[PDB]
Amino acid sequence: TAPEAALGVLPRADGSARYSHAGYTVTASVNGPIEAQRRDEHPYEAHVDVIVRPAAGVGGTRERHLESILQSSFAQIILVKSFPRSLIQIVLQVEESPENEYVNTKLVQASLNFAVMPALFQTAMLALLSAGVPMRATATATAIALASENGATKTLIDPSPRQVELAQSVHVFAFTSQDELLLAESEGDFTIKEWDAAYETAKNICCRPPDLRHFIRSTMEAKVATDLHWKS
Amino acid sequence: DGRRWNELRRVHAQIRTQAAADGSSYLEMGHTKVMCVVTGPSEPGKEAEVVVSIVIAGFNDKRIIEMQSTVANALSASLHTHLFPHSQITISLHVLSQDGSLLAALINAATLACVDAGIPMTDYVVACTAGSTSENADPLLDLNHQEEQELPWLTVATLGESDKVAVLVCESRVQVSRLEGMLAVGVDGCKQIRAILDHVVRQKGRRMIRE
Amino acid sequence: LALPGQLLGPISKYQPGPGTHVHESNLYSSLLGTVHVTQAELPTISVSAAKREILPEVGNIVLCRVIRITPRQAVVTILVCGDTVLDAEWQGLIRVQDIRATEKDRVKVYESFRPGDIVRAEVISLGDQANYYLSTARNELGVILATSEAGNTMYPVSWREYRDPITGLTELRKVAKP
Amino acid sequence: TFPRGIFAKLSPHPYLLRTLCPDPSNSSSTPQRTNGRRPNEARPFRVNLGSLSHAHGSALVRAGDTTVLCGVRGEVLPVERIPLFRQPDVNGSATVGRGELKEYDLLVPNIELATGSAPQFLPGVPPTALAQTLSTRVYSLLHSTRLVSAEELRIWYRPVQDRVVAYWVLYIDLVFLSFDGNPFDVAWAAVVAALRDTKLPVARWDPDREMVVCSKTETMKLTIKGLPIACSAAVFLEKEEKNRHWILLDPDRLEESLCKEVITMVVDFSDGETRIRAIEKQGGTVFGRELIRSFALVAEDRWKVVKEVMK
Amino acid sequence: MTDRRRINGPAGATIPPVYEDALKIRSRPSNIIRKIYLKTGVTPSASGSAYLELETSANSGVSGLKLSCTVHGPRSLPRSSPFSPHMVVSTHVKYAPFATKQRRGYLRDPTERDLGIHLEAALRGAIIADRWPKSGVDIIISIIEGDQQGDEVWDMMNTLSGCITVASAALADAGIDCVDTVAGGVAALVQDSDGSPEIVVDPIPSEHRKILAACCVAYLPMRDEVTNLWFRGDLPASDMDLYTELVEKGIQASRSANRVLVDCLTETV
Amino acid sequence: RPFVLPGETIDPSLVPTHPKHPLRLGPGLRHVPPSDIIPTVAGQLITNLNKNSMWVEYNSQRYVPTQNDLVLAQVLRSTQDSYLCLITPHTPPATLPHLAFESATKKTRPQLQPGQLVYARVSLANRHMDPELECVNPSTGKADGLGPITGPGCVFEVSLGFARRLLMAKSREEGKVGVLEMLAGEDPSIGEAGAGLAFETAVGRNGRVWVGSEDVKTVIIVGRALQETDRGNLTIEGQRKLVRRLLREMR
Amino acid sequence: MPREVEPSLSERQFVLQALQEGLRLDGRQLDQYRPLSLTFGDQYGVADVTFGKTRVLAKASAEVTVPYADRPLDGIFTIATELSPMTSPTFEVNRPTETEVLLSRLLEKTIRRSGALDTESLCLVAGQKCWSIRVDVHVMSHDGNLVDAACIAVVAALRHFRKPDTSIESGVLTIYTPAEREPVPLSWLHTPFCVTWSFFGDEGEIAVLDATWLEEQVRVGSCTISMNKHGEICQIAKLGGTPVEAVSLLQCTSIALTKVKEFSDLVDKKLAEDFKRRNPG
Amino acid sequence: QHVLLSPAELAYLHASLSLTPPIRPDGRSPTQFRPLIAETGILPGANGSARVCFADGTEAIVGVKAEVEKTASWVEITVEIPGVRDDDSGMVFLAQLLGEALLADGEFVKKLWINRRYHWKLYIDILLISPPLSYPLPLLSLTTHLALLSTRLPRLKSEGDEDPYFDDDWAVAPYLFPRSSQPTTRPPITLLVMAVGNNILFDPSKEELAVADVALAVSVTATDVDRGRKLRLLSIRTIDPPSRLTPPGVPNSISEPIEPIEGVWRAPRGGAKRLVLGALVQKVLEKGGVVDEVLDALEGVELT
């Protein structure tokens, strides 16, 4: 219902974070600018590596897509230029996902999981800020899914996995603090008119005068002030 | 069967078996048979690295690499790895037949292969496989393949006559009480297998110095 | 337009040259190309393909981009060979002693060159390694194009130094006499 | 100095700019990218079908230099082998399974960038990331599109209660001989074309043999639903007055290298109403809400041309 | 065994198609070599390339066998690899997923590697390695279709002849020096209405009732040399004189094959 | 008091439009080409008005080099012109001049064992170039305690912020870190009347802090107190309570 | 990247001397076992075990797959441990590690040899259907006894997991959707547990029960005993080390059982505390 | 495999082999083979086994095990070089060559036939105990031949129309490829023929092979005479002269030499010459040829 997260969960890591919302629990590790294996290394600018670790089973091809998307989006947020040859490592392990009571477990799935994406983008951003990596801006992402059975259209937000299969179409969005779309993905049978309504509904998380912008700030604020208790 | 617990399978060991190798060994414990050929301390085209390769003749990949890792680490403590930094040592072991206690034969045969190569050894490293045989007690020194399925089998490797154990591996369950009697048995076997091994090294040398 | 193996000429009439494999006193072409002849010394024949992908040869001018600058050397991809752009890219390294023969000890990599610049240099020698070796010692050889640390395109002011136009800042680098 | 072609490999990005926004010239000054095709311009699709004899369905898609060869291979999966089989009900006298195609993994796509495809992509190495991410993309779209029906693949016993003895399994494998253009765009259209060409043999179970059997001289055609076709583009930005943004459609390899944001849209016009089956943007702030919507207009135009190519 | 890398089929094993329950000799032997279609430039990005097609029977019945070759220019070798004054030549041949039997791309079947070495042996002789140190030329062939225990070898020989023929074409398009064009060739011995002796320049296995022996040669026209020869038979030593013919017919086949290559390269490029 | 997040430009009013001195810039602030300063990290802004600097303080565990910083480096290997050392694990290796150490000549050079702990002042830090560590300021000709360490010791990890406090002169009082002094027995509150314990401390901006005492027991006590305080910011009283607790466990 | 991080030699000396004196950097005696926190995820079959700074989480999956042709009768049970780049920056995805290979095999044998899981219960249809119970061991942070932490998690995760119920109607098995039918407990006979011992001195003089990472790089060799509370020992693994006299080895096994029992009591209690909250009664 | 040699020494070897009298490094005549020490039955627990040793010191143990399988590949080869992964391409080719010889025999496959719907399968494992110092095909051919000879297949008391049955006592089991005393076939032999210029040489030395102008592997099988033997050629294949993979020689001080000078060794650029290939085959296939000498000695080898 309301997002809940914590920072510094993994002590040894340069930065770590845990996020829980919509029945999705992610714990993420961020490693500061690091020497980069030459095959991975790009000289002029840094290469950000994202590893998505499934809660159960082994990394699927879909899991390879979910990481590629996250890297491209996060690189604009991150300031790749500052550290020339450094490797920024983001590792995410999902501890829990909402169960689908209506189908038995299938370990390997090829489809692109739009439902886990919204939790990861929010999870990583929290961890990266703990790392201190230089960033142009901060971005938040949620996902919207549309169902037609009710007639007209019913908007379902932060969807569950059973919901996306029953739903006619799914759409995931992500916004920078400067309100602009960094990533957008949708699958199903839908119309641009319905999409624009999902974009403006998604826009609400991004601009406020749930409240994602406040959540990240508040979560950071408590740790920041907690860290700065020494100023006294 | 037909073997007293104290008694061990017949052993025939050959040293410098390979006509042209830095070091070689051939060990047969009963029916099990092992051949070892060791490249001398040499540099590939800090402490020295030992590679162990075991090839099972056609008559589980995880079991092999586990055995390879075991022989290497055991030999590595006995071997004076520290003396030559840049050199690499390679142990190639091939098994013609199996009667159980395979690991023990490999570590025994390999240790015989090392002393031939002349690589400095802190001491012979020798191992046997012993079992409890269920409160009646007839602990056994040499385990047949038949006997290992029936009874729990423990493989123990020692630094020669000393009670010290470099390797102890048991993949079959035993109650803690039975263990204390099982290891000492194995330890007693090791000195026997060292004795035959030391005889094999000494007899060849007597002929070599004679020749 | 001879195919590989056309019997170009008897060894007596002409001398072996690039693109020609000579066997049994009958020189033959080794590549599909348009033949040429140079005409004391007999004439030389050659066959040339219509990108040549030529291997760097010592003493040849090369244009190249600096991947990194390091205290003892410079690491530079050899992007182009004179008149032949290289579809195949071979790395090349420039030594501190090689950048400027004058004032050798005073010459430092950081002041001479900077990443992202494009340099013009000869091949001092073959690699003796995976990385070929080059030198910018000759006065003519120097950074031909540069991008400022700010990112602004830099226009040369003096041989030792480059000026960033908007910044007004000046960065020291060897620049080409021509 | 402007040594022709020598300049391009150095300072590539600026060279694209000069040609993109020509200074006042004795020319039309139309924005021409290094490819020679205007931004609104697009690579011309060319599809030829029925090439592969061994495969059940075959289709070759060409977008200039880029090329894709798709083949449809049919295999029969015994109902007993698949885990979790439950006999279907032809008609019912509100619970939905994951899907007959999904739970039984009846369709197995795989996109294979050849080692020959690009200087960039080479053999003897585990699959490259672009090749893997594209494969799942085709899989996801195929199940969301419902392009191939699950019912058509079933095999029925037809007892003189009727029951399903097995499901036809359709393997789709694709190989790029060359890669100089956007990968996905060429592939999906090839997949749809290949599935259309698929002609699985009519199959009947023989009770005495107790084995599923296929009949020579018997031809059935898979019924494809819709003709979803896609168009993909990438933005070029003059940065290394807000920086100028240009949209580049069906990009060439180099353009992919010097452009950091892409968009791919999948749309079907067969129903007569524009329908957007999937959208994807990444790596840039250029593709705002207004740009996204109007890309579908370019997509609609791209859809209209593709149907002429695909008979 | 599910690849973390690639999409996976159903865990249960699939079953191939099963169908419900005498080709005349195609053409004259000497000119029997099937008409071939070779074009350079199939892939531009690579330094060179070529595509070869063959007609299953007579003229243009179907495109039964189709080869696409990709040669990479003299390529900087891996830093860790030992320095070599000789140009490294490496051949990789992968059967496509579309064959009579589905062949996994990952598998790199034993049948496939065997071809790579032969092709590696044929091309290697032709290339002049002394002129390009620290250079690695990578020859890659992807086979679209195959031609069409004992029957397997004969089909394989034909595919080899085409792979060496496309490779010669590929090597030319790239500036890769070649002592001579290397052309593929095939030959075999067949028996027809008690006519055991005759040799056919192109095997065409299915048409022939049984094939006694066959050879595949890679003659370098203009240089009296064979880079690679491999032959399967059960030939009596007393009958060896025919082996000389069979080998000589193979090289006669190669010269014919060379004509296509020379013509395509010679024709407007 | 101002709180910032990445991408939220500092307002112009907070910046001082009195350019008698061009403004030096602290961590977490980046300068765009127009005269706008944009935060690049999450944290709380500090005006530092008396200084001509602004910095936003963020406690992280990984150190990116800054010139004239003091680092606790470890020597990995030797090269002909230089000694190669690592500032922090998995960093790009640093380059230490062979001749940097005080009194050094081409005829007289100190030999530094592989794995020897070294203290160094960062000579140069350029994003484009690998770091370089100097032993002695060239003008003084003196290292001033900067250099290799031979004493019996151990290096303990620390949060960069807790490290900053130690390096700062006012470790006690404004800094709020005085456990080092508490264990020393200078403070009256502890009440142990122990007359103190002898510890040698070398603190570095790299985040790794060296503590050395002749007694093995000394090193662990100081260290655990130091490490426990980093991981959990401690009310000075809590720190007092912890040192006593660590002290009692000692025998 | 350097494949392995090496402790500075000056550090390596302090730990050896501390251990000889009996003092430990951890601040706790040699016999000690670091404090254990076991927390079960709300979802069935997820367990997170934390020792000091090291955390490992284990999740259990049970798909129905086709049996291997070699052994049509037995179902497949796999323990998958993957060292992660989050664990330490060194570890690289898709690349094997020496520790990663051994951890999976040692653990896999401990459950299998004890045989708490039944191969007979796993098979549904002899020909074409078998259960695929699995546990994925995720290493969150690598300090000390990764093996010991994974074992307590694996054994805990397995017991907590519930299989999808199965019922055979008209002689036809039907795997039941979770909504259709309630889940089924794991049919667990007895519980194995694993304990690792580390020796730090030539001749194996010093033995440490739980090893910190820094301690782990210094130690000469180590042995891990896998023991059921009742005393039946499923596995013993002194795969290699500087020679340690047998008498000390045997002594460490009796101590181990005392450590095993206290573990068994916690896990059984912890399973209860959660069960009561979910199903009060 | 892949021996490394200086430019000069390779130059001396090439010329020595070139001289009208073939002055080989070891003084072995073209036909003569190096001493070989072999045993049969070394490997226990197999229907057949063998082991061989060379002057080089390269050695191997090869075992052949068979179980009837319903009438899929009839003969299976496995090679296990110590430092070589199974995936390595060279080994698979080598294994293929060995397999080509046996399967094309016709007699060998015919020997394996038992029933229309049941057939004997021969599983061969070839193991190189010695380090792979030099090219290994020569040893593998003789070893496999010997083991095949030793292979004993149990006698089938089935009338041979019905599903088959076998006898327990192994001695009854007929030897595969029985001795001469019906015409008696010989298990196949696969040997390497080297040629330097016009001269042809056999049992090539590792140091010799590097200078090879041409190299072929010819596989022959014979029908015993119960002018010695009637021989049959089955498989020929070209092993790339390792020569190409060698250092160039700097002439004593012209991108390619206008003329080929004496002291310099340049990797042999061309391929084999047609005239050479046929004669090379002729020598191997000649009656009274080297083949009969080798094969007869191997028949002479003690069995079990």
# chains A, B, ... in the order shown; residues from 1 in each chain; ligands from 1
>>> residues_around(residues="segment 171-184 of chain A", least_positions_apart="5", cutoff="7 Å", atoms="only C-alpha atoms", output="tab-separated table (two decimals) with N, CA and C atoms, in the first residue's frame")
chain	number	residue	atom	x	y	z
A	73	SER	N	18.96	3.17	-18.59
A	73	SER	CA	18.25	4.22	-17.87
A	73	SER	C	19.12	4.82	-16.78
A	114	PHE	N	7.28	-7.18	-16.66
A	114	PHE	CA	7.05	-5.77	-16.41
A	114	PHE	C	6.77	-5.48	-14.94
A	137	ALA	N	20.53	13.65	-11.79
A	137	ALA	CA	19.20	13.80	-11.21
A	137	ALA	C	18.79	12.47	-10.59
A	138	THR	N	17.63	12.47	-9.94
A	138	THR	CA	17.06	11.27	-9.34
A	138	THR	C	15.75	10.94	-10.05
A	139	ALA	N	15.49	9.65	-10.24
A	139	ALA	CA	14.35	9.20	-11.01
A	139	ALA	C	13.60	8.10	-10.28
A	140	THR	N	12.27	8.09	-10.46
A	140	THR	CA	11.39	7.09	-9.89
A	140	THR	C	10.56	6.46	-10.99
A	141	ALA	N	10.13	5.22	-10.76
A	141	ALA	CA	9.40	4.47	-11.77
A	141	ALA	C	8.32	3.61	-11.12
A	142	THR	N	7.13	3.64	-11.71
A	142	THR	CA	6.04	2.74	-11.36
A	142	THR	C	5.48	2.15	-12.64
A	143	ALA	N	4.57	1.20	-12.48
A	143	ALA	CA	3.97	0.49	-13.60
A	143	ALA	C	2.45	0.51	-13.47
A	144	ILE	N	1.77	0.64	-14.60
A	144	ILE	CA	0.31	0.66	-14.66
A	144	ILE	C	-0.15	-0.46	-15.58
A	145	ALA	N	-1.25	-1.11	-15.21
A	145	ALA	CA	-1.84	-2.19	-16.00
A	145	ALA	C	-3.34	-1.97	-16.14
A	202	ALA	N	0.82	7.90	-14.36
A	202	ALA	CA	2.19	7.67	-13.94
A	202	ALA	C	2.89	8.97	-13.57
A	206	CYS	N	5.63	11.18	-10.07
A	206	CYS	CA	6.83	11.96	-10.34
A	206	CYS	C	6.71	13.40	-9.84
D	280	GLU	N	8.63	0.71	-26.54
D	280	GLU	CA	9.84	0.64	-25.72
D	280	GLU	C	10.76	1.81	-26.04
D	281	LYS	N	11.08	2.61	-25.03
D	281	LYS	CA	12.05	3.70	-25.14
D	281	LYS	C	13.06	3.60	-24.01
D	282	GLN	N	14.31	3.94	-24.30
D	282	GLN	CA	15.36	3.86	-23.28
D	282	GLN	C	16.47	4.84	-23.61
D	283	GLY	N	17.12	5.34	-22.56
D	283	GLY	CA	18.39	6.02	-22.70
D	283	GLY	C	18.33	7.48	-23.06
D	284	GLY	N	17.16	8.11	-23.02
D	284	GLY	CA	17.08	9.51	-23.38
D	284	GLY	C	15.82	10.16	-22.86
D	285	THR	N	15.87	11.49	-22.79
D	285	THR	CA	14.73	12.31	-22.41
D	285	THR	C	14.06	12.96	-23.62
D	288	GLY	N	9.47	12.36	-25.30
D	288	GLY	CA	8.40	12.74	-24.42
D	288	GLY	C	7.07	12.19	-24.88
>>> residues_around(residues="segment 55-64 of chain G", least_positions_apart="2", cutoff="7 Å", atoms="only C-alpha atoms", output="number ranges by chain")
A: 55-56, 105-107; D: 83; G: 45-51, 53, 129-141, 149-150, 153-154, 157-158, 161, 163
>>> interface_residues(of="chain D", to="chain A", cutoff="8 Å", atoms="only C-alpha atoms", output="PyMOL selection string")
chain D and resi 95-98+103+129+132-133+135-137+139-141+144-145+274-285+287-289+293
>>> select_by_dssp(residues="segment 10-151 of chain C", states="strand (DSSP E or B)", output="short mmCIF file (atom, residue, chain, number, x, y, z; two decimals) with N, CA and C atoms, in the first residue's frame")
data_model
loop_
_atom_site.label_atom_id
_atom_site.label_comp_id
_atom_site.auth_asym_id
_atom_site.auth_seq_id
_atom_site.Cartn_x
_atom_site.Cartn_y
_atom_site.Cartn_z
N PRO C 10 57.84 -13.29 -66.42
CA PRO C 10 59.04 -14.06 -66.09
C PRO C 10 59.93 -13.24 -65.17
N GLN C 15 60.74 -7.47 -61.48
CA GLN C 15 61.19 -7.77 -60.12
C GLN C 15 60.00 -7.89 -59.16
N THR C 20 52.70 -9.63 -55.22
CA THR C 20 53.23 -10.60 -56.17
C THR C 20 53.95 -11.73 -55.44
N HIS C 21 53.56 -12.98 -55.71
CA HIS C 21 54.20 -14.16 -55.15
C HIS C 21 54.94 -14.88 -56.28
N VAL C 22 56.26 -15.02 -56.14
CA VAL C 22 57.12 -15.52 -57.22
C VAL C 22 57.47 -16.97 -56.92
N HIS C 23 57.15 -17.86 -57.85
CA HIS C 23 57.46 -19.28 -57.75
C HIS C 23 57.95 -19.74 -59.12
N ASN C 26 58.62 -17.57 -62.46
CA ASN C 26 57.48 -17.01 -63.18
C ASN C 26 56.63 -16.28 -62.15
N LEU C 27 56.81 -14.96 -62.08
CA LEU C 27 56.11 -14.14 -61.10
C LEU C 27 54.60 -14.22 -61.34
N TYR C 28 53.83 -14.27 -60.25
CA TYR C 28 52.38 -14.42 -60.31
C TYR C 28 51.74 -13.40 -59.37
N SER C 29 50.49 -13.01 -59.65
CA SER C 29 49.77 -12.13 -58.74
C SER C 29 49.25 -12.93 -57.54
N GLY C 33 43.34 -7.50 -58.41
CA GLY C 33 43.53 -6.06 -58.48
C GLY C 33 43.98 -5.59 -59.84
N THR C 34 44.19 -4.27 -59.93
CA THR C 34 44.69 -3.61 -61.14
C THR C 34 46.21 -3.50 -61.03
N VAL C 35 46.92 -4.07 -62.01
CA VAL C 35 48.39 -4.16 -61.94
C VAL C 35 49.03 -2.79 -62.21
N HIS C 36 50.29 -2.63 -61.78
CA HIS C 36 51.08 -1.43 -62.02
C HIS C 36 52.56 -1.83 -62.18
N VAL C 37 53.35 -0.98 -62.86
CA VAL C 37 54.80 -1.21 -63.00
C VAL C 37 55.54 0.11 -62.77
N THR C 44 59.72 -3.19 -61.45
CA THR C 44 58.97 -3.86 -60.39
C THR C 44 57.48 -3.82 -60.70
N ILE C 45 56.80 -4.96 -60.53
CA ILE C 45 55.36 -5.07 -60.77
C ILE C 45 54.63 -5.27 -59.44
N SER C 46 53.39 -4.78 -59.38
CA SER C 46 52.58 -4.88 -58.17
C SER C 46 51.10 -4.97 -58.54
N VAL C 47 50.32 -5.60 -57.65
CA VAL C 47 48.88 -5.73 -57.80
C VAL C 47 48.23 -5.22 -56.52
N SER C 48 47.20 -4.38 -56.66
CA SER C 48 46.55 -3.74 -55.53
C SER C 48 45.05 -3.95 -55.59
N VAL C 62 51.08 7.51 -39.15
CA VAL C 62 49.81 6.96 -38.70
C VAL C 62 49.08 8.02 -37.89
N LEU C 63 47.75 8.05 -38.03
CA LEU C 63 46.87 8.91 -37.23
C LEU C 63 46.14 8.02 -36.23
N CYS C 64 46.08 8.46 -34.98
CA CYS C 64 45.71 7.54 -33.91
C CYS C 64 45.15 8.31 -32.72
N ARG C 65 44.26 7.64 -31.98
CA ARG C 65 43.55 8.21 -30.84
C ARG C 65 44.07 7.61 -29.54
N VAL C 66 44.25 8.44 -28.52
CA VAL C 66 44.87 8.01 -27.27
C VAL C 66 43.78 7.48 -26.35
N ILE C 67 43.81 6.16 -26.10
CA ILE C 67 42.86 5.56 -25.16
C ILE C 67 43.16 6.04 -23.74
N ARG C 68 44.44 6.09 -23.37
CA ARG C 68 44.85 6.44 -22.01
C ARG C 68 46.24 7.06 -22.06
N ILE C 69 46.55 7.84 -21.03
CA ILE C 69 47.87 8.40 -20.81
C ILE C 69 48.39 7.86 -19.49
N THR C 70 49.63 7.35 -19.50
CA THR C 70 50.23 6.66 -18.36
C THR C 70 51.65 7.17 -18.18
N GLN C 73 54.33 5.67 -20.58
CA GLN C 73 53.97 5.45 -21.97
C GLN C 73 52.62 6.11 -22.25
N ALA C 74 52.20 6.02 -23.51
CA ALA C 74 50.89 6.43 -24.00
C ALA C 74 50.30 5.26 -24.78
N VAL C 75 49.00 5.00 -24.62
CA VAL C 75 48.35 3.86 -25.26
C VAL C 75 47.35 4.40 -26.27
N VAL C 76 47.58 4.11 -27.56
CA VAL C 76 46.89 4.79 -28.66
C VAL C 76 46.45 3.77 -29.69
N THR C 77 45.15 3.73 -30.01
CA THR C 77 44.69 2.90 -31.12
C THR C 77 45.12 3.54 -32.44
N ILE C 78 45.61 2.73 -33.38
CA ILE C 78 46.08 3.23 -34.67
C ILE C 78 44.88 3.20 -35.62
N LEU C 79 44.11 4.29 -35.60
CA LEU C 79 42.85 4.35 -36.34
C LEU C 79 43.07 4.35 -37.86
N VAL C 80 44.09 5.05 -38.35
CA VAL C 80 44.27 5.23 -39.79
C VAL C 80 45.74 5.11 -40.18
N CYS C 81 45.99 4.60 -41.39
CA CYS C 81 47.28 4.63 -42.04
C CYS C 81 47.17 5.56 -43.25
N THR C 84 44.86 5.12 -46.24
CA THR C 84 44.08 3.89 -46.08
C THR C 84 43.52 3.88 -44.66
N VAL C 85 42.20 4.06 -44.53
CA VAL C 85 41.55 3.93 -43.23
C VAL C 85 41.52 2.45 -42.89
N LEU C 86 41.68 2.13 -41.62
CA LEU C 86 41.85 0.74 -41.19
C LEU C 86 40.52 0.24 -40.65
N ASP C 87 39.90 -0.70 -41.37
CA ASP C 87 38.75 -1.40 -40.81
C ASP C 87 39.20 -2.27 -39.65
N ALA C 88 40.46 -2.71 -39.69
CA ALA C 88 41.09 -3.50 -38.64
C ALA C 88 41.97 -2.58 -37.80
N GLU C 89 41.70 -2.50 -36.50
CA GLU C 89 42.34 -1.53 -35.62
C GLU C 89 43.35 -2.23 -34.72
N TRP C 90 44.59 -1.74 -34.75
CA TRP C 90 45.71 -2.30 -34.01
C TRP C 90 46.20 -1.25 -33.02
N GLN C 91 46.37 -1.64 -31.76
CA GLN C 91 46.81 -0.69 -30.74
C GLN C 91 48.28 -0.33 -30.94
N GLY C 92 48.62 0.89 -30.52
CA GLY C 92 49.98 1.39 -30.60
C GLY C 92 50.36 2.22 -29.39
N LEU C 93 51.59 2.07 -28.90
CA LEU C 93 52.03 2.75 -27.69
C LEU C 93 53.16 3.72 -27.99
N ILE C 94 53.14 4.88 -27.32
CA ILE C 94 54.14 5.92 -27.49
C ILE C 94 54.89 6.08 -26.17
N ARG C 95 56.22 6.00 -26.23
CA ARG C 95 57.06 6.07 -25.05
C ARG C 95 57.30 7.52 -24.62
N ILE C 118 43.84 13.22 -31.08
CA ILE C 118 44.26 12.48 -32.27
C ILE C 118 45.68 12.91 -32.60
N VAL C 119 46.59 11.94 -32.73
CA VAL C 119 48.01 12.21 -32.89
C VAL C 119 48.47 11.66 -34.23
N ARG C 120 49.52 12.27 -34.76
CA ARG C 120 50.15 11.91 -36.02
C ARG C 120 51.59 11.55 -35.72
N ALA C 121 51.97 10.30 -35.99
CA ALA C 121 53.29 9.82 -35.61
C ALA C 121 53.76 8.70 -36.53
N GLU C 122 55.07 8.48 -36.54
CA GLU C 122 55.67 7.37 -37.28
C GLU C 122 55.66 6.11 -36.42
N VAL C 123 55.95 4.98 -37.07
CA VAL C 123 56.12 3.71 -36.38
C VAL C 123 57.62 3.54 -36.14
N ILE C 124 58.04 3.69 -34.88
CA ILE C 124 59.45 3.54 -34.55
C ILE C 124 59.91 2.12 -34.85
N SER C 125 59.07 1.14 -34.56
CA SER C 125 59.46 -0.26 -34.69
C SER C 125 58.19 -1.10 -34.62
N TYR C 132 51.98 -2.40 -31.01
CA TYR C 132 53.01 -1.81 -31.85
C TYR C 132 53.55 -0.56 -31.15
N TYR C 133 54.74 -0.10 -31.55
CA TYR C 133 55.35 1.07 -30.94
C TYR C 133 55.46 2.23 -31.94
N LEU C 134 55.22 3.45 -31.46
CA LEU C 134 55.26 4.65 -32.29
C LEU C 134 56.01 5.75 -31.55
N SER C 135 56.39 6.79 -32.30
CA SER C 135 57.12 7.92 -31.74
C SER C 135 56.69 9.21 -32.42
N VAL C 143 49.80 16.33 -31.78
CA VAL C 143 48.35 16.25 -31.68
C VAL C 143 47.74 17.15 -32.74
N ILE C 144 46.92 16.56 -33.61
CA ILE C 144 46.30 17.33 -34.68
C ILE C 144 44.92 17.86 -34.27
N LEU C 145 44.18 17.11 -33.45
CA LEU C 145 42.86 17.52 -33.00
C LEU C 145 42.70 17.12 -31.54
N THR C 147 40.00 17.50 -27.81
CA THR C 147 38.77 17.86 -27.12
C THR C 147 39.12 18.25 -25.69
#
>>> residues_around(residues="residue 123 of chain A", least_positions_apart="4", cutoff="12 Å", atoms="only C-alpha atoms", output="count of residues only")
43
>>> residues_around(residues="segment 67-75 of chain H", least_positions_apart="4", cutoff="9 Å", atoms="only C-alpha atoms", output="JSON, numbers by chain")
{"E": [149], "H": [99, 102, 103, 109, 112, 114, 115, 116, 117, 118, 119, 120, 121, 122, 123, 124]}
>>> interface_residues(of="chain H", to="chain E", cutoff="8 Å", atoms="only C-alpha atoms", output="number ranges by chain")
H: 73, 89-90, 92-93, 96, 100, 103-106, 230-240, 244-248, 267, 269-274, 278, 285-286
>>> interface_residues(of="chain D", to="chain E", cutoff="7 Å", atoms="only C-alpha atoms", output="ChimeraX atom specification")
/D:54-55,71,75-77,81-82,104-106,108-110,116,118-119,127,132,173,177-178,213-216
